[PDB]
Amino acid sequence: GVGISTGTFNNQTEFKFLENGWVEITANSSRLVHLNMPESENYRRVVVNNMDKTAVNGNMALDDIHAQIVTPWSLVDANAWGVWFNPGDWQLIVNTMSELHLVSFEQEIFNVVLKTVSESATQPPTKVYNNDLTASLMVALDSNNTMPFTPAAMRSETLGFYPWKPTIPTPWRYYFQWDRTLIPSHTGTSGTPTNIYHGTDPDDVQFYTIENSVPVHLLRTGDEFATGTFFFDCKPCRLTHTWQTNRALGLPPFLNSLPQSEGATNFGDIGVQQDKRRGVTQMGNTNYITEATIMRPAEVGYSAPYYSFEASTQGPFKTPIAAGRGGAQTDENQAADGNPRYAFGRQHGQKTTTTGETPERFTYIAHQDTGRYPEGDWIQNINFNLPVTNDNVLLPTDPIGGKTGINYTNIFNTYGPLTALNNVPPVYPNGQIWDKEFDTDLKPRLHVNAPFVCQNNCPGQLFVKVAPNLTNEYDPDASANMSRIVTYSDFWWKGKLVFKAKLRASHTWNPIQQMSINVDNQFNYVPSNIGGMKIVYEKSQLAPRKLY
Amino acid sequence: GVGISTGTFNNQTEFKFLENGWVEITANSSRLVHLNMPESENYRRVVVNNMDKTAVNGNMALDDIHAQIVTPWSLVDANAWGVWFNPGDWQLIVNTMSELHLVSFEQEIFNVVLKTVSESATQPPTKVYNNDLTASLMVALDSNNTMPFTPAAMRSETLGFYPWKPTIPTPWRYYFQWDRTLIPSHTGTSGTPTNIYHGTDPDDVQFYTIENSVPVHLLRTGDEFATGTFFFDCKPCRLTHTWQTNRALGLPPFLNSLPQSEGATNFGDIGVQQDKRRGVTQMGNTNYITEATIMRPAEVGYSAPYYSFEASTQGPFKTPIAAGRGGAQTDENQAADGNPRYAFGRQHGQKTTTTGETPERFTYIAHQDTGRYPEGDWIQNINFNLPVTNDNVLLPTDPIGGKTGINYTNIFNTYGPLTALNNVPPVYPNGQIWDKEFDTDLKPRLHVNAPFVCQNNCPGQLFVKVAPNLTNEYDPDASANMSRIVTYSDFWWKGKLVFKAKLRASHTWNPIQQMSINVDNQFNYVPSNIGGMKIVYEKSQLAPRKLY
Amino acid sequence: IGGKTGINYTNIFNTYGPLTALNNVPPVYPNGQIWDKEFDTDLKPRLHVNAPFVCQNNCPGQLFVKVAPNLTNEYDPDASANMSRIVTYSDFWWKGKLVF
Amino acid sequence: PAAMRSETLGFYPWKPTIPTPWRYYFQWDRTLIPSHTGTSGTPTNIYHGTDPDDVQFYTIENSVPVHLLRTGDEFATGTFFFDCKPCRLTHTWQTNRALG
Amino acid sequence: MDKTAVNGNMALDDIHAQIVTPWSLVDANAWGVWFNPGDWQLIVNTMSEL
Amino acid sequence: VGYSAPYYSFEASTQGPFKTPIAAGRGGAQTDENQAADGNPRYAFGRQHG
Amino acid sequence: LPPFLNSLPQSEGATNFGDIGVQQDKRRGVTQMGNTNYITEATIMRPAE
């Protein structure tokens, strides 16, 4: 009814321990969503063109030319870790569990309130907000996944992370087809390369509308819309990292001489010469069996061509890399490729009382040792004389193509049938939870943006829009814009995400690295005297696991 | 039989998760115990007298005069935390659980081996060790608790903490009655005070023997002795600490002025004068309602007379204190009373390859804020004029009895019917697990040495002794010592301690302090290149809990 | 005591013992508290000095109330300023029932 | 408990009342050395800060289910049942000088 | 701290830290909420335990 | 019956000084409003509460 | 548990005493003095009073 509520606020996460060390995690989340009427009631087709920026030779990485369809609908997106967990629940899950399953997902909309602004133009020009009890909110649930899938976590435009703060939805848009061609150059190149935007191929035109595809529900004040329960079928995401490289697989060599005194410089020693040892190598012309030459079962990780831009029908793009380097060799100073860098605003983890429009940034360096250190690689000739000569090695200090800043590791690629690698780790709080698999014949082995991939079907997207509120003067045969009453809405969203985890067990004599609070990160978890909150990122794969 | 084994080595700890968030922890432990034949086969009554040490005036804290009965039996004692858990299992229990129950306890002895040394006196004088298949080992289990209860963890004489290292049992002894009287003095006292050892009261003489009290089992090589399962009935031991003092109980005052800018120096302010506020105090002649004067429901902790030696029938002793101070005010520099100090050797956590006979020491500072800071206490007159006068306060800088190093906090005592306090926390690895309740009419509310107190009955003590191996020449009517064959033994001990714990839950937005490994304590959990191991102490009450 | 003429030994005296008998606190009309919560500690106090009844295992839960946010048309969560709301208040009726 | 700050509901049934703005204590560390009037120098009057081992930040939203009430709505707590010792309405007069 | 900076006034300490929440509390834990002086006179004069 | 407590005794701890609570104070023929005592509570309140 | 005696008497008499063969600052056990290495019979921790 008019003065009857249709739902209940709930933002609790529960832990229900089953038998055999399985625990059912059910995270609830509720928000207050503020929605304005759209700027235009029509679908647009806008072409973005920053050709003045890439007209300077060398700046071809800054390309932004694309085409998109601007729709009057808005999207409610809750596909991020920080929507469902606070740092206490995340510390509990990360420290106590070993693997994670994704079970189900629901959402609903209740307690709709529509108000109209009537700006009484005084000399202090005021505005009185009145309830419009007969206005409607239009809600479309794309359960068959007919619309193009747009995850909002990649643009940092999901729901907010604080339960006591009102949030906004994202204006929806999708990509339209275009053709462009950009020839690269460098600073000090004679002439201008081709920088051409061709247009649209008629064989690839797809124009989607919400009205022709999805049934749209009209919600007044006493109405309530509830999505049913979707059920996932996914692979488990493991909360442990591996440390073993190719240099630490299998049986170590037997030491015939052990140290007799304590110290960091009392080393052990194999008492056999390198040309008198036993074991298997893969060098048919070499009697040396060392730690770098001994045969391993497979290879962990691979080398990829890093900072490689590939061009296609719609312009250049960067090549994605599955796992980057990180650990004792690389810091914030030592720049690497493969580690993602997140940017976000005050709604998603930045300090709420900060000044300026510069976002907050961090680079996520994972714990799994599956990367490569490109400054220590080399090729050598198959003759394999051990004091190697100048013209028999390919070093990373040798120029490729005459360019002194390019070596062979920039174009190297060692992916093969012996390559083993790991899935991507979850990133709290800004990371995505699930993702959709590509509708192609040969599917990729992993995604670099989400730990779960719903294979057959994913949860349908939820669209929302304020219904048009017309005035007395309205002529559809006139070419001008539709004149509407200034209306906005407030509704309550409530979701429920259910997981399933397994409690970890101790295997070693020594303790394990855990997530804790100390004197350094103390004031990152409490509000300030004004109420400024923030959410700093936390690691997810803390405990180690033996690979082999 | 002779060539048949009678048991299985087991040193695994299991975690069996039940329903409703309860987990059954079952710790197994196994050792190899090395036992020699006793020095004498008789019971002795030895009186220890260090009267030359306390003959100097002022050293009366160094009293060691007592009397004891030296028995030829040895004790197998496994009442310590480090016998049952490694640091990985302790990290799991401390980080994941909230309370701890003690359920049952078993032990057994198997695979007995008795050998005789026959020293063939050559010029390199050798010794050949021969199996004596008909020798016996005597095992007595005092299941009715007839012998006096002696816990070996208070003298650091339990079993070892490493499963791959052979251990020894403790030679048993108990206290005999004596009477002594020592009058204290100081350096520069005219004359000598009374330093007299009187003797034994005949009303209090108790001489216990193992043979007249306990049935003794004789074990040959094919024999095996197994204690049954004892079942505890105890209160649960909680793995969370409290932080709330008397200054943080109840509703805070309402602030009429909040800060407008961020900073450590933008304070809030109650906008009411101290003589115009509302609330309840306990001062009938004072209109001031401040944070120190406002009525609280009860009192947390108490003041005790610290470093107070009390004298009785058998000499002076220190007064035990339940909870000492510790935290932001006290460090290793700022000495305190109430916090225990442990000393131990290479078998119990010291570095195994260290040099010297100086033991390893640490002071255990707990996390629970239930102590007192004696430098900030004061008494004042009941007239309560607020700028207080010199002769109306009792300060800790005022001398008591004319002594400049003694103030009133050394003789103060504020235990009352309003005092609330907490049980003692477990100390890993050197701390005791269970303790026996006193057989008196009015029992103490807690013990300062063990978190569990078995009230009605405790597990019985296990005594062990090599049976006498006589030679051909033996005359009992001759006053000389019995001549025996030099014999020793090796047997395997195996115990099983079962607990019950409850998994913790998250309640706050912020994370909780956990136990972790880092770059500082990294090499405390791995062996060295010689095999030197150590066990450093770990805290047990890490998470906080609201008191009120 | 200690050379101070305004302090005697009764200010530092304490004669609580195992022979001490004493009474519970009396109710104070009208300003006094009715019930109180027991401390969640291992060794609990024998009485409280502020309420005659102490609910030992559990006490009645507290009741919190708040007016829901009433936003205007201009609202930007990415702006560091304060949320602008419509000035709202409430009136409700409370009704309790205590049985002795 | 709000009775210790004199901030409960009103005592007259025919008079409108207000509720109390909620707040709780956060952890801090401070140290104050006492003195008297006419003491040479200044004692230590230091506010240290917060211990990270004792930080507890509670919110209503993450802990309690919150009901939304419009005009036609009504919220009713169930019946809680106490288990307490009886409070006696008689006093004792006998000292140690009047026993036996 | 300006109040307790004068020597001798250390009973007037008010330094603490608190969390200020936007919620309000309905508290009816007092004797005067439930009884008028007539009912209190009846209970006090006629009864012995409660 | 009853006990003696250290009266107007301020104890200090981690978070500052506080007064020691006393269970029962004196009162009767010897003590009046003039004769100040310790243990008896003192209430302050406003127009809403009496 | 009493302390272990490393030297027992060899003759009978009221003045043939035993002796702990460890110095007072070299013994093991639990005390309640955080600033003292001496473990004597008056300093050693007892369960209650």
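Scoring rules and cut-offs
Residues numbered from 1 in each chain as written, not as in the entry; some residues may be left out. Chains lettered and ligands numbered in written order. Part of a larger assembly, values for the part shown. Heavy atoms only, no water. Helix = DSSP H or I, 4+ residues; strand = E, 2+ residues; numbered from the N terminus. Rg over C-alpha atoms; globule rule 2.2 N^0.38 Å. Buried < 20%, exposed > 50% of the residue type's maximum accessible area, 1.4 Å probe, protein only. Contact = heavy atoms within 4.5 Å. Buried area = accessible area lost by both parts, 1.4 Å probe. Polar contact = N/O pair within 3.5 Å; in protein donor to acceptor, adjacent residues only side chain to side chain. Nonpolar A, V, L, I, M, F, W, Y, C, P; charged D, E, K, R; others polar. Pairing = 2+ DSSP bridges. Axes fitted to C-alpha atoms, helices over the stretch in contact; angles between N-to-C directions. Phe/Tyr/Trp six-rings, centres within 6.5 Å; stacked < 30°, edge-to-face > 60°. Patch = residues over 30% accessible without salt bridge, like charges linked within 9 Å, V, L, I, M, F, W, Y side chains within 5 Å. Areas by Shrake-Rupley, 256 points an atom, 1.4 Å probe, with all protein chains shown as cover. Salt bridge = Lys/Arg side-chain N within 4 Å of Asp/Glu carboxyl O. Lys, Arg positive; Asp, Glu negative; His and termini not counted. Charge placed at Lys NZ, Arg CZ, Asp CG, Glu CD. Core = buried A, V, L, I, M, F, W, Y, C linked by side-chain atoms within 4.5 Å. Disulfide = S-S within 2.5 Å.

Its PDB header names cryo-EM as the technique used to obtain the model and reports a resolution of 3.0 Å.

Chain F appears in the PDB entry as Capsid protein VP1 from Canine parvovirus 2.

In the nomenclature of the PDB entry, chain E corresponds to Capsid protein VP1 from the organism Canine parvovirus 2.

**Points about the overall build of chain F**
Summing up its helical and strand segments, chain F has zero helices and three strands in all. Whereas a compact globule of 50 residues would reach a radius of gyration of roughly 10 Å, chain F reaches 14 Å, over 25% beyond that. Dimensions of chain F along its principal axes, counting C-alpha atoms only, are 35 × 35 × 20 Å. With 50 residues in all, chain F has 54% of them scored as buried.

**Description of the interface of chain B and chain C**
In this assembly, 38 residues from chain B lie in contact with 25 residues from chain C. In total, about 2900 Å² of surface goes out of reach between chain B and chain C, with carbon and sulfur atoms giving 59% of it. Broken down residue by residue, the surface that chain B buries against chain C is led by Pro297, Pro417 and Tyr548 of chain B, which jointly contribute 20%. Inspection of the region where chain B meets chain C yields 19 residue pairs in polar contact. By residue class, the composition of the side of chain B that touches chain C is 20 nonpolar, eleven polar and seven charged.

**Section: the arrangement of the chains**
The pair of protein chains exhibiting the most contacts, out of 14 pairs of chains in contact, is chains B and G. Regarding chain D and chain G, which are not in contact, the minimum distance between any of their C-alpha atoms is 22 Å.

**Structural notes on the environment of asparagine 390 of chain A**
Residue and element names in this part refer to chain A. One can find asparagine 390 in the loop between β22 (379-380) and β23 (393-394). For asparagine 390, a relative accessible area of 69% puts it in the exposed group. Between the C-alpha atoms of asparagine 390 and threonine 419, which are 29 residues apart in sequence, the distance is 31 Å.

**A closer look at the sheet that holds strand β1 (residues 29-33) of chain G**
An order of β21(B)-β20(B)-β1(G) is seen for the three strands of this open sheet, with the pairing classed as antiparallel. Here the strands that pair on one side only, and so sit at the sheet edges, are β21 (360-363) of chain B together with β1 of chain G. With direction set aside, neighbouring strand axes in the sheet form an average angle of 20°. Here strand β20 (residues 337-344) of chain B pairs with β21 of chain B via four bridges, running antiparallel. Bridge pairing in β21 of chain B places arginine 341 of chain B opposite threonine 363 of chain B.

**Concerning the packing of aromatic side chains**
Considering all chains together, one arrives at 73 aromatic pairs over all chains under this definition. Between the aromatic rings of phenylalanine 85 of chain B and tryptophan 90 of chain B, the centroid separation amounts to 6.1 Å while the plane-to-plane angle is 50°, which identifies the pairing as tilted. Of the two residues, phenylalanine 85 of chain B and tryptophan 90 of chain B, neither departs from the other in class, the shared state being buried. With a centroid separation of 5.7 Å and an interplanar angle of 70°, the aromatic rings of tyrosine 302 of chain B and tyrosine 415 of chain B are classed as edge-to-face. You can see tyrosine 302 of chain B sitting in the loop between β17 (299-300) and β18 (309-312) and its partner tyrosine 415 of chain B sitting in the loop between β23 (393-394) and β24 (419-420), a full 113 residues away along the chain. For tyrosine 415 of chain B, a relative accessible area of 25% puts it in the partly exposed group. Through pairs of rings, three or more aromatic residues link up here, namely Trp84, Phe105, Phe230, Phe232, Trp434 and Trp493 of chain A.

**Focus on a positive patch on the surface**
A cluster of like positive charges, contributed by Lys235 and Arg445 of chain B, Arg46 of chain C together with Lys85 of chain D, occupies part of the molecular surface. Position of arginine 46 of chain C among the secondary structure elements: in the loop between β1 (35-37) and β2 (53-55). A relative accessible area of 55% means that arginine 46 of chain C is categorised as exposed.

**Some remarks on the interface of chain B and chain G**
Taken together, the contacts link 57 residues of chain B with 35 residues of chain G. For the interface between chain B and chain G, the tally reads two salt bridges. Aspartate 64 of chain B is paired through a salt bridge with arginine 27 of chain G; the nearest N and O atoms lie 3.3 Å apart. Among the elements of the structure, β3 (44-48), β4 (66-76), β8 (170-175), β18, β19 (315-318), β20 and β21 of chain B are those that each provide at least two residues to the side of chain B that touches chain G.

**Re unusual backbone geometry**
The general pattern is negative phi for most residues beyond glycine and trans for most peptide bonds. Here the bond from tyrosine 428 of chain B into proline 429 of chain B is cis, since omega is -5°, no more than 30 degrees from zero. Among the secondary structure elements, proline 429 of chain B is positioned in the loop between β24 and β25 (434-436). Here the residue pair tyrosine 29 of chain C and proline 30 of chain C is connected by a cis peptide bond, since its omega of -5° sits within 30 degrees of zero. For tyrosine 307 of chain B, which is not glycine, the phi torsion reads 55° and is therefore positive. Relative to the helices and strands, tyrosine 307 of chain B resides in the loop between β17 and β18.

**Points about the nonpolar core**
Of all hydrophobic cores here, the largest spans 134 residues; its most connected members are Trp84 and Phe85 of chain A together with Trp84 and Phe85 of chain B. In contact with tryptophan 84 of chain A, not counting residues within four places along its chain, are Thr13, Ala27, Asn28, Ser29, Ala78, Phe105, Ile433, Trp493, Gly495, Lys496 and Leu497 of chain A. Among the nonpolar cores identified, the runner-up in size contains 16 residues, and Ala67, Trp73, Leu75 and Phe176 of chain B belong to it.

**A short note on a nonpolar patch on the surface**
All names here are of chain A. A cluster of nonpolar side chains, namely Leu470, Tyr474 and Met482, defines an oily patch on the protein surface of about 270 Å² accessible area. Relative to the assigned elements, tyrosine 474 resides in the loop between β27 (461-466) and β28 (487-503). Relative accessible area serves as the criterion here: at 45%, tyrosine 474 is assigned to the partly exposed category.

**Remarks on the pattern of salt bridges**
Counted by the stated rule, this structure contains 30 salt bridges over all chains. With a shortest N-O distance of 3.0 Å, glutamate 299 of chain B and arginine 372 of chain B are connected by a salt bridge. Taken together, the residues span a long stretch of sequence, with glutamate 299 of chain B in strand β17 and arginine 372 of chain B in the loop between β21 and β22 (378-380) at a distance of 73 residues. The partner of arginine 30 of chain D in a salt bridge is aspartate 13 of chain E, with the nearest N and O atoms 2.4 Å apart. Here the residue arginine 30 of chain D occupies a position in strand β2 (residues 29-32), and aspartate 13 of chain E occupies one in the segment before β1 (18-26), the pair thus bridging two chains. A relative accessible area of 0% places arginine 30 of chain D in the buried class. One network of salt bridges, in which partners are shared, links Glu41, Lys465 and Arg484 of chain A.

**Considerations on the side chain of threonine 31 of chain G**
Among the structural elements, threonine 31 of chain G can be located in strand β1. The contacts of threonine 31 of chain G, once residues within four sequence positions are left out, are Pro340 and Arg341 of chain B together with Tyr38, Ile39, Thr43, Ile44 and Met45 of chain G.

**Comments concerning the state of the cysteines**
According to the stated counting rule, one finds three disulfides over all chains in the structure shown. The disulfide that involves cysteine 454 of chain B links it to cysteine 458 of chain B, with 2.0 Å between the sulfurs. The sign of the S-S torsion, about 110°, decides the handedness of the disulfide formed by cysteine 454 of chain B and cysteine 458 of chain B: right-handed. The same class applies to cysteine 454 of chain B and to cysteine 458 of chain B, which are both buried. Note that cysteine 55 of chain C is cross-linked by a disulfide to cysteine 59 of chain C, the S-S spacing being 2.0 Å. One quick way to see it: the torsion about the S-S bond of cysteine 55 of chain C and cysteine 59 of chain C is about 110°, and its sign makes the bridge right-handed. With no disulfide of its own, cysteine 84 of chain D has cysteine 55 of chain C as its nearest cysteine by sulfur position, at a separation of 5.6 Å. Here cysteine 87 of chain D stays unpaired: no disulfide links it, and the sulfur of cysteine 84 of chain D, its closest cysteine neighbor, is 11 Å away. The exposure class assigned to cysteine 87 of chain D is buried, which follows from its relative accessible area of 4%.

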